[PDB]
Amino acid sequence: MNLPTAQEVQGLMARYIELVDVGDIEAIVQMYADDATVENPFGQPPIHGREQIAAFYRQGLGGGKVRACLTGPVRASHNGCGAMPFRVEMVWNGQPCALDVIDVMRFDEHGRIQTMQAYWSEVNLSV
């Protein structure tokens, strides 16, 4: 595809959450542009490139026991960007916990994620 339309952004961002929810690290990485950046949480320096991004998702999702679901609709733009609210459920030293997040994404002219910014801070974590 080219620069995704608003409807395509909504589909791609929902697909991303699906891949996080099942923990398909390789499929997530494929959604990113080869030189994409991730800022997690927003406020921290970006990581760069598919290998660093793969390392990120392997760390976050490789231990298993992670689920993610949209908590409301994707809000898309007409310039290939969008924002979405979701909750990540995991386990903290064996206890269930949740993290509320908003991701902002910009897609490139091939429909790949160029930038991801994950807004959250520690008070978005609940035990």
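When you see a residue number, it is the position in the sequence shown, counting from 1.
Chemist: Going by the B-factors listed in the PDB entry, is the mean over the C-alpha atoms higher for 99-107 or for 5-13?
Modeler: Looking at the record's C-alpha B-factors, the answer is 5-13.
Chemist: Mean C-alpha B-factor higher for 50-58, or for 84-92?
Modeler: Mean CA B-factor is higher for 84-92.
Chemist: Grab the CA temperature factor for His78 from the record and place it in the lowest, middle or highest third of its chain.
Modeler: Its C-alpha B-factor belongs to the middle third of this chain's values.
Chemist: Check where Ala118 lands among this chain's C-alpha B-factors and tell me if it's the lowest, middle or highest third.
Modeler: Tercile = lowest for this residue's CA B-factor.
Chemist: Please place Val66 in the lowest, middle or highest third of its chain by C-alpha B factor as given in the entry.
Modeler: Highest third.
Chemist: Hey, what third does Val22 fall into on Cα B-factor, ranked over its chain?
Modeler: It belongs to the middle third of the chain when residues are ordered by C-alpha B-factor.
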